[PDB]
>>> print(open('protein_35.cif').read())   # mmCIF, C-alpha atoms and all ligand atoms
data_query
loop_
_atom_site.label_atom_id
_atom_site.label_comp_id
_atom_site.auth_asym_id
_atom_site.auth_seq_id
_atom_site.Cartn_x
_atom_site.Cartn_y
_atom_site.Cartn_z
CA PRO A 31 13.67 17.15 5.84
CA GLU A 32 13.38 15.10 2.64
CA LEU A 33 11.45 12.47 4.63
CA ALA A 34 8.48 14.85 4.83
CA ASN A 35 5.50 14.60 2.49
CA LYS A 36 4.12 17.37 0.27
CA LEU A 37 0.58 16.49 -0.74
CA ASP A 38 -2.30 18.02 -2.68
CA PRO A 39 -3.35 21.29 -0.99
CA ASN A 40 -6.76 20.54 -2.53
CA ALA A 41 -6.85 17.12 -0.85
CA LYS A 42 -10.29 16.86 0.72
CA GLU A 43 -10.27 13.40 2.37
CA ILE A 44 -7.12 13.55 4.53
CA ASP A 45 -7.23 11.67 7.86
CA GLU A 46 -4.73 13.55 9.99
CA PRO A 47 -4.24 10.94 12.78
CA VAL A 48 -3.65 8.16 10.25
CA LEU A 49 -1.42 10.44 8.16
CA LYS A 50 0.56 11.55 11.22
CA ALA A 51 1.22 7.94 12.24
CA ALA A 52 2.48 7.30 8.68
CA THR A 53 5.09 10.06 8.68
CA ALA A 54 8.39 8.82 7.31
CA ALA A 55 11.06 8.58 10.00
CA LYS A 56 13.76 6.63 8.14
CA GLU A 57 14.83 5.78 4.61
CA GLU A 58 16.78 2.68 3.58
CA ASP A 59 17.31 2.98 -0.18
CA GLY A 60 13.97 4.04 -1.66
CA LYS A 61 12.14 2.29 1.22
CA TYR A 62 10.49 4.50 3.83
CA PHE A 63 9.60 3.52 7.41
CA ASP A 64 7.60 5.12 10.21
CA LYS A 65 8.69 5.59 13.83
CA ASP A 66 7.27 2.11 14.63
CA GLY A 67 9.56 0.43 12.07
CA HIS A 68 6.73 -0.30 9.61
CA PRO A 69 6.65 0.51 5.88
CA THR A 70 5.16 3.80 4.75
CA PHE A 71 4.74 6.00 1.69
CA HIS A 72 6.36 9.25 0.54
CA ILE A 73 4.41 11.67 -1.69
CA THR A 74 6.17 14.70 -3.15
CA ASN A 75 5.69 17.73 -5.44
CA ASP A 76 2.17 18.61 -4.32
CA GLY A 77 0.53 15.21 -4.50
CA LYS A 78 1.82 14.09 -7.90
CA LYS A 79 5.06 12.15 -7.32
CA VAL A 80 5.04 8.95 -5.22
CA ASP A 81 7.67 6.60 -3.81
CA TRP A 82 8.36 3.32 -5.57
CA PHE A 83 6.29 1.08 -3.32
CA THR A 84 3.17 3.22 -3.61
CA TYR A 85 3.50 3.00 -7.41
CA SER A 86 4.30 -0.72 -7.37
CA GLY A 87 1.58 -1.51 -4.83
CA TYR A 88 -1.07 0.18 -6.98
CA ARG A 89 -0.27 -2.14 -9.86
CA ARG A 90 -0.21 -5.28 -7.71
CA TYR A 91 -3.55 -4.20 -6.21
CA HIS A 92 -5.22 -3.72 -9.60
CA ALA A 93 -3.81 -7.09 -10.70
CA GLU A 94 -4.60 -9.27 -7.72
CA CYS A 95 -7.16 -7.52 -5.48
CA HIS A 96 -9.26 -5.02 -7.46
CA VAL A 97 -11.60 -7.83 -8.57
CA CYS A 98 -13.15 -8.39 -5.14
CA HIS A 99 -12.23 -5.13 -3.35
CA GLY A 100 -13.06 -2.66 -6.11
CA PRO A 101 -11.04 0.14 -7.64
CA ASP A 102 -8.67 2.17 -5.46
CA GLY A 103 -9.78 0.17 -2.42
CA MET A 104 -13.32 1.53 -2.65
CA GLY A 105 -15.14 -1.71 -1.87
CA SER A 106 -17.55 -4.00 -3.68
CA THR A 107 -20.71 -6.06 -3.26
CA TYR A 108 -18.66 -8.97 -1.92
CA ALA A 109 -15.71 -7.40 -0.09
CA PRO A 110 -14.90 -4.39 2.12
CA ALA A 111 -13.18 -1.15 1.27
CA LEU A 112 -9.49 -1.47 2.10
CA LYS A 113 -8.97 2.30 2.12
CA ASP A 114 -11.02 2.29 5.33
CA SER A 115 -9.45 -0.97 6.55
CA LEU A 116 -5.96 0.39 6.97
CA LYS A 117 -7.15 2.95 9.45
CA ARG A 118 -7.63 0.15 12.05
CA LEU A 119 -5.40 -2.70 10.89
CA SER A 120 -1.75 -2.66 11.92
CA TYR A 121 0.98 -3.75 9.54
CA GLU A 122 1.17 -7.25 11.02
CA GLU A 123 -2.61 -7.69 11.19
CA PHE A 124 -2.69 -6.92 7.47
CA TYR A 125 0.17 -9.31 6.70
CA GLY A 126 -1.50 -12.14 8.62
CA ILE A 127 -4.87 -11.70 6.92
CA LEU A 128 -3.12 -11.63 3.55
CA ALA A 129 -0.99 -14.71 4.24
CA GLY A 130 -3.65 -16.83 5.93
CA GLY A 131 -7.02 -15.45 4.78
CA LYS A 132 -10.17 -14.64 6.74
CA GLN A 133 -13.66 -16.18 6.86
CA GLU A 134 -16.96 -14.63 8.04
CA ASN A 140 -20.69 -17.05 2.88
CA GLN A 141 -17.73 -14.63 2.85
CA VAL A 142 -14.14 -15.82 2.22
CA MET A 143 -10.88 -13.93 1.82
CA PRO A 144 -8.38 -16.39 0.31
CA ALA A 145 -5.04 -17.14 1.92
CA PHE A 146 -2.34 -15.78 -0.39
CA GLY A 147 0.57 -17.28 1.55
CA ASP A 148 1.46 -19.80 -1.17
CA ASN A 149 1.35 -17.08 -3.87
CA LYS A 150 4.79 -15.50 -4.25
CA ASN A 151 3.46 -13.17 -6.94
CA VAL A 152 1.42 -11.62 -4.13
CA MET A 153 3.40 -12.25 -0.94
CA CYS A 154 6.61 -10.79 -2.36
CA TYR A 155 4.76 -7.51 -2.87
CA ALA A 156 3.01 -7.47 0.53
CA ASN A 157 4.85 -4.31 1.59
CA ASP A 158 3.91 -2.69 -1.71
CA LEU A 159 0.23 -3.44 -1.13
CA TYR A 160 0.45 -2.17 2.47
CA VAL A 161 2.16 1.10 1.51
CA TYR A 162 -0.29 1.94 -1.28
CA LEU A 163 -3.37 1.06 0.77
CA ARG A 164 -1.88 3.00 3.68
CA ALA A 165 -1.62 6.06 1.43
CA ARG A 166 -5.28 5.57 0.53
CA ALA A 167 -6.29 5.27 4.19
CA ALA A 168 -4.46 8.49 5.05
CA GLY A 169 -6.09 10.29 2.14
CA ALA A 170 -2.54 11.05 0.95
CA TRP A 171 -3.35 9.53 -2.44
CA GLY A 172 -6.60 9.83 -4.33
CA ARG A 173 -8.34 7.55 -6.80
CA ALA A 174 -5.90 8.08 -9.66
CA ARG A 175 -3.20 5.97 -11.13
CA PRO A 176 0.28 7.12 -9.99
CA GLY A 177 2.12 8.97 -12.75
CA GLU A 178 5.41 10.45 -11.66
CA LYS A 179 7.29 7.98 -9.47
CA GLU A 180 10.67 7.74 -7.81
CA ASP A 181 13.19 5.40 -9.36
CA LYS A 182 13.00 1.71 -8.51
CA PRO A 183 15.75 1.06 -5.93
CA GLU A 184 18.38 -1.63 -6.37
CA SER A 185 17.42 -3.19 -3.02
CA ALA A 186 13.98 -4.07 -4.38
CA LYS A 187 15.28 -5.78 -7.51
CA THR A 188 17.60 -8.19 -5.70
CA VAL A 189 15.00 -9.26 -3.12
CA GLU A 190 12.40 -9.52 -5.90
CA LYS A 191 14.95 -11.85 -7.52
CA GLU A 192 15.36 -14.01 -4.43
CA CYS A 193 11.72 -14.05 -3.28
CA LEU A 194 10.30 -15.22 -6.61
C1 LIG A 201 -11.84 -12.56 -3.70
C2 LIG A 201 -13.13 -12.26 -3.73
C3 LIG A 201 -10.84 -11.70 -2.87
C4 LIG A 201 -9.60 -11.42 -3.30
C5 LIG A 201 -9.00 -11.87 -4.65
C6 LIG A 201 -8.93 -10.60 -2.31
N1 LIG A 201 -9.83 -10.42 -1.26
FE1 LIG A 201 -9.36 -9.56 0.54
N2 LIG A 201 -11.20 -9.99 1.25
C7 LIG A 201 -12.19 -10.67 0.56
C8 LIG A 201 -13.31 -10.86 1.48
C9 LIG A 201 -14.64 -11.57 1.18
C10 LIG A 201 -12.98 -10.31 2.66
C11 LIG A 201 -13.88 -10.27 3.91
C12 LIG A 201 -13.59 -11.44 4.85
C13 LIG A 201 -14.48 -11.31 6.06
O1 LIG A 201 -15.52 -10.60 5.98
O2 LIG A 201 -14.18 -11.92 7.12
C14 LIG A 201 -11.66 -9.75 2.54
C15 LIG A 201 -10.99 -9.09 3.54
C16 LIG A 201 -9.76 -8.49 3.40
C17 LIG A 201 -9.00 -7.78 4.41
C18 LIG A 201 -9.42 -7.52 5.86
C19 LIG A 201 -10.56 -6.51 5.80
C20 LIG A 201 -10.92 -6.00 7.16
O3 LIG A 201 -11.10 -6.82 8.10
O4 LIG A 201 -11.05 -4.76 7.29
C21 LIG A 201 -7.87 -7.36 3.85
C22 LIG A 201 -6.72 -6.55 4.48
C23 LIG A 201 -7.88 -7.81 2.49
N3 LIG A 201 -9.04 -8.49 2.23
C24 LIG A 201 -6.89 -7.55 1.60
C25 LIG A 201 -6.75 -8.11 0.37
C26 LIG A 201 -5.61 -7.87 -0.47
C27 LIG A 201 -4.39 -7.00 -0.13
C28 LIG A 201 -5.77 -8.57 -1.58
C29 LIG A 201 -4.67 -8.52 -2.69
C30 LIG A 201 -4.50 -9.49 -3.56
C31 LIG A 201 -7.05 -9.27 -1.49
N4 LIG A 201 -7.62 -8.97 -0.27
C32 LIG A 201 -7.64 -10.10 -2.39
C33 LIG A 201 -12.12 -11.10 -0.75
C34 LIG A 201 -11.01 -11.08 -1.57
#
>>> encode(input="protein_35.cif", output="structure tokens", more="lines below")
Ligand code: HEC
Amino acid sequence: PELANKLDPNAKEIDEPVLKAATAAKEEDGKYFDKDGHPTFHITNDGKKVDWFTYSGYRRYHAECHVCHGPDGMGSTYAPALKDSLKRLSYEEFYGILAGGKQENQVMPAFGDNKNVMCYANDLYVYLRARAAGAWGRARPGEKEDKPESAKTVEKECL
């Protein structure tokens, strides 16, 4: 139905198993979920329009993560490429690394005490999930879906 994606027909780096596991099964007010109950994306009109959290997660990524992890999750001299990471990592593995950090030299900081990051954890997951599935390229999202009212009142409370 309207839960289905419609991506770039000239999308050359799609990962079908990762994309299939990210198919939207449910929608609760601008928020999409997969059959496992975990957040997911929703691309529309041939790879140009994106759901709110993919849009929002891009911006939070550029703000708070791009420095060590490179543009579009491509990787850097000090940190791995998160577009490949979210092929293996489950939603809760990602959330735990983000909240508590990871070490080996090589340190990923714990962001748990950083509400400007933790309150957008689902946004970061969704966007980087869309990268891992090859459902979004290395562009900035243009057309988006409207920001839902649900997001604004929990953004209120979380911050
Ligand atoms: C500073 C440099 C940063 C910043 C600001 C962020 N990350 Fe994180 N990250 C970083 C390192 C050195 C590592 C590797 C740690 C190790 O080798 O043990 C990581 C790792 C991750 C992971 C797990 C990667 C994997 O195992 O595949 C995730 C997920 C991750 N980083 C995500 C992430 C996000 C969402 C950030 C947003 C603010 C972020 N990092 C910041 C170094 C750094």
>>> residues_around(input="protein_35.cif", residues="region 153-160 of chain A", least_positions_apart="4", cutoff="8 Å", atoms="only C-alpha atoms", output="list in words")
residues 69, 70, 83, 84, 86, 87, 88, 90, 91, 121, 124, 125, 128, 129, 146, 147, 148, 149, 164, 190, 193 and 194 of chain A
>>> residues_near_ligand(input="protein_35.cif", ligand="ligand LIG 201 (chain A)", cutoff="8 Å", atoms="only C-alpha atoms and all ligand atoms", output="VMD selection string")
chain A and resid 90 to 91 93 to 99 108 to 112 114 to 116 118 to 119 123 to 125 127 to 128 131 to 134 141 to 144 146 152 156 159 to 160
>>> closest_residue(input="protein_35.cif", among="A:189, A:170, A:104, A:80", to="residue 53 (chain A)", atoms="only C-alpha atoms")
A:170
>>> closest_residue(input="protein_35.cif", among="A:166, A:191, A:65, A:117", to="residue 48 (chain A)", atoms="all atoms listed in the file")
A:117
>>> atom_distance(input="protein_35.cif", atom1="CA of residue 172 (chain A)", atom2="CA of residue 130 (chain A)")
28.7 Å
>>> decode(input="protein_35.cif", residues="region 168-192 of chain A", atoms="C-alpha atoms", output="CSV table (one decimal), in the first residue's frame")
chain,number,residue,atom,x,y,z
A,168,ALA,CA,20.0,-0.5,2.3
A,169,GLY,CA,21.2,1.6,-0.6
A,170,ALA,CA,17.7,3.2,-0.5
A,171,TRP,CA,19.3,6.7,-0.2
A,172,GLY,CA,22.4,7.9,-1.9
A,173,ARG,CA,25.0,10.4,-1.0
A,174,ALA,CA,22.8,13.5,-1.4
A,175,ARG,CA,21.2,15.8,0.9
A,176,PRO,CA,17.4,15.0,1.2
A,177,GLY,CA,15.3,17.6,-0.6
A,178,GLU,CA,11.6,16.8,-0.7
A,179,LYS,CA,10.5,15.6,2.7
A,180,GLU,CA,7.2,14.6,4.3
A,181,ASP,CA,5.8,17.0,6.9
A,182,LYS,CA,7.1,16.9,10.4
A,183,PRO,CA,4.5,15.0,12.5
A,184,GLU,CA,3.0,16.4,15.6
A,185,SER,CA,4.1,13.4,17.6
A,186,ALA,CA,7.7,14.3,17.1
A,187,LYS,CA,7.4,17.9,18.2
A,188,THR,CA,5.9,17.0,21.6
A,189,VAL,CA,8.4,14.3,22.5
A,190,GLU,CA,11.2,16.6,21.2
A,191,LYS,CA,9.7,19.1,23.7
A,192,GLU,CA,9.8,16.6,26.6
